[PDB]
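Letters A, B, ... are given to chains in the order of the sequence lines, protein chains preceding strands, and every chain is numbered from 1. Below, each value reflects all heavy atoms present in this structure, side chains not excepted, and no hydrogens, waters or symmetry copies.
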2 protein chains.
Amino acid sequence: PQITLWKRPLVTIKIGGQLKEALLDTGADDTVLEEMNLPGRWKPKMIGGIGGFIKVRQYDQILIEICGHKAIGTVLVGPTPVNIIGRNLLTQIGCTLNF
Amino acid sequence: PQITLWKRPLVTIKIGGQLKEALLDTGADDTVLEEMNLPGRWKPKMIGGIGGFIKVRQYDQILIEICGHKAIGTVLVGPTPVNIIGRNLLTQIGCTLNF
Ligand SMILES: CC(C)CN(C[C@@H](O)[C@H](Cc1ccccc1)NC(=O)O[C@H]1CO[C@H]2OCC[C@H]21)S(=O)(=O)c1ccc([C@H](O)CO)cc1
């Protein structure tokens with residue numbers, strides 16, 4: 001589809017057997033998701049933006065479906081205020097910016 | 001242009017007569033630029049990101065050219081980690097997400 005940017009580009013995702021709403025975010029290298037108790041091993045990470053840094057847990061090779069488009073990659077889990085789909089997954093669903 | 005997302009969507013912008021590099025950021029409501037001198041009046045404002053809230057200077061109705069496309073809108077100036085072009089200007093240059 002084509003998503004205009006009058007409003008936040010929120011879409012439904014499926015991850016860890018749960019459906020959630022997330023931003024398609026060209027300004028994020030990586031994908032950051034709200035706190036959720038995913039199984040498996042993880043690595044600590046700190047990530048920074050406006051306001052400073054938050055601590056997250058890095059999970060690798062996580063399956064995630066974005067608007068019916070399947071992807072698999074790294075997801076960072078932590079106290080983010082919003083679910084953020086970053087470029088590591090946006091490339092996998094064929095997403096581009098156009099103007 | 002059509003911009004793929006294997007790399008950061010960085011573009012050259014012109015504001016206050018000066019060229020800078022900025023990130024096209026669909027996850028940003030607003031445009032936030034690093035500390036700089038800009039002519040005109042401004043108002044103190046607050047903006048929140050992944051890590052909390054920061055104080056910024058709000059410049060309204062500012063001329064800014066983004067990758068060869070003119071926009072006139074609000075620009076926030078403050079301690080952002082990266083110059084980001086948000087939806088308030090992305091809409092003005094006709095930017096959409098497509099997949
Ligand atoms: C360069 C950007 C600042 C990076 N960021 C993505 C932005 O899109 C961000 C996404 C967002 C965060 C919190 C609330 C709402 C949106 N937007 C945002 O700050 O926008 C400002 C401005 O306009 C206002 O609207 C929204 C909130 C206001 S990030 O999140 O800090 C981030 C940092 C490091 C990673 C590493 O890649 C991980 O490894 C991934 C993602």
Side-chain angles (χ1 to χ4, degrees), chain A residues 2-11 22-32 47-52 80-91 95-99, chain B residues 1-6 8-13 15-40 42 46-51 53-69 71-99:
Chain A
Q2 178 173 272
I3 302 176
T4 64
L5 300 172
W6 295 117
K7 67 185 199 183
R8 290 184 176 197
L10 291 168
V11 302
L23 289 172
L24 301 178
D25 190 354
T26 63
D29 297 337
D30 306 314
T31 293
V32 191
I47 65 168
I50 288 174
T80 176
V82 297
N83 293 310
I84 296 165
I85 306 305
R87 290 190 299 102
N88 70 312
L89 303 180
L90 294 173
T91 53
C95 188
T96 52
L97 288 168
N98 303 78
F99 58 97
Chain B
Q2 171 164 265
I3 297 175
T4 58
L5 297 170
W6 311 95
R8 288 169 170 165
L10 291 164
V11 299
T12 301
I13 63 162
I15 185 178
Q18 187 183 44
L19 299 187
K20 292 165 158 290
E21 184 173 82
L23 183 67
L24 304 182
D25 187 352
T26 58
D29 299 350
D30 305 308
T31 294
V32 194
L33 301 185
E34 293 186 285
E35 169 60 28
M36 71 176 293
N37 291 307
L38 264 179
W42 58 266
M46 301 291 298
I47 189 164
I50 202 176
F53 287 74
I54 62 170
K55 293 168 56 168
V56 297
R57 285 145 44 208
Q58 175 169 327
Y59 297 81
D60 292 324
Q61 216 165 315
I62 299 299
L63 272 56
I64 176 169
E65 185 164 25
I66 302 156
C67 202
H69 291 252
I72 302 174
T74 298
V75 176
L76 312 180
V77 176
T80 180
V82 171
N83 297 329
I84 57 179
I85 310 301
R87 290 186 299 97
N88 72 306
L89 304 185
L90 296 175
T91 55
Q92 290 199 19
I93 63 173
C95 191
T96 60
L97 291 164
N98 300 267
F99 58 100

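- Without hydrogens or angle criteria, A:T26 side chain to B:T26 main chain gives a donor-acceptor distance under 3.5 Å.
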Task: Step-by-step side-chain contact (heavy atoms from CB on, under 4.5 Å) determination, B:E35 to B:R57 - done: CA-CA 9 Å; B:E35 169 60 28; B:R57 285 145 44 208; 2.7 Å; yes

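- Separation of atoms CD1 (B:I85) and CD1 (B:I15) is listed at 8.0 Å; rounding is to 0.5 Å.
- Taking the side chain to side chain contact (heavy atoms under 4.5 Å, CB included) definition, one finds that A:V11 meets it with A:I3, A:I13, A:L24, A:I66, A:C67, sequence neighbours left out.
- The shortest non-hydrogen separation linking A:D25 to B:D25 is OD1-OD1, 2.9 Å.
- The aromatic rings of B:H69 and A:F99 lie perpendicular to each other, with more than 60° between the two planes, well past the 30° mark.
- Put simply, CG on B:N37 and CD on B:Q18 are 9.0 Å apart, with the number rounded to the nearest 0.5 Å.
- In this structure B:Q61 satisfies the side chain to side chain contact (heavy atoms under 4.5 Å, CB included) test together with B:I72, sequence neighbours excluded.
- Expressed to the nearest 0.5 Å, how far SG of A:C95 lies from CG of A:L89 amounts to 11.0 Å.
- With values rounded to the nearest 0.5 angstrom, B:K55 atom NZ is found 14.5 Å from B:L76 atom CG.
- Using a 4.5 Å heavy-atom cutoff, the side chains of B:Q58 and B:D60 are in contact.
- The backbone N or O of B:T74 sits less than 3.5 Å from a side-chain atom of B:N88, completing a donor-acceptor pair.
- Summarising the geometry of B:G49 relative to A:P81, their closest heavy-atom pair is O-CG, 4.3 Å, with the distance given to 0.1 Å.
- Among pairs with a residue in residues 15-37 of chain B, none fulfils ring-ring contact (aromatic ring centres under 6.0 Å, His included), at least two apart in sequence or across chains.
- The closest side-chain heavy-atom distance from A:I50 to B:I84 is below 4.5 Å.
- The salt bridge (charged side-chain N to carboxylate O under 4.0 Å, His left out) contacts involving residues 82-99 of chain B comprise B:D29-B:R87, where partners must be two or more places apart or lie in separate chains.
- Summarising the geometry of B:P9 relative to A:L97, their closest heavy-atom pair is CB-CD1, 4.1 Å, with the distance given to 0.1 Å.
- Partners of B:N83 according to the side chain to side chain contact (heavy atoms under 4.5 Å, CB included) rule, which considers only residues two or more places apart in sequence or in another chain, are B:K20, B:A22, B:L33, B:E34.
- Side-chain atoms of A:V82 and A:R8, non-hydrogen and from C-beta on, do get closer than 4.5 Å to each other.
- For A:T4, the side chain to side chain contact (heavy atoms under 4.5 Å, CB included) partners at least two apart in sequence or on another chain are A:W6, B:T96.
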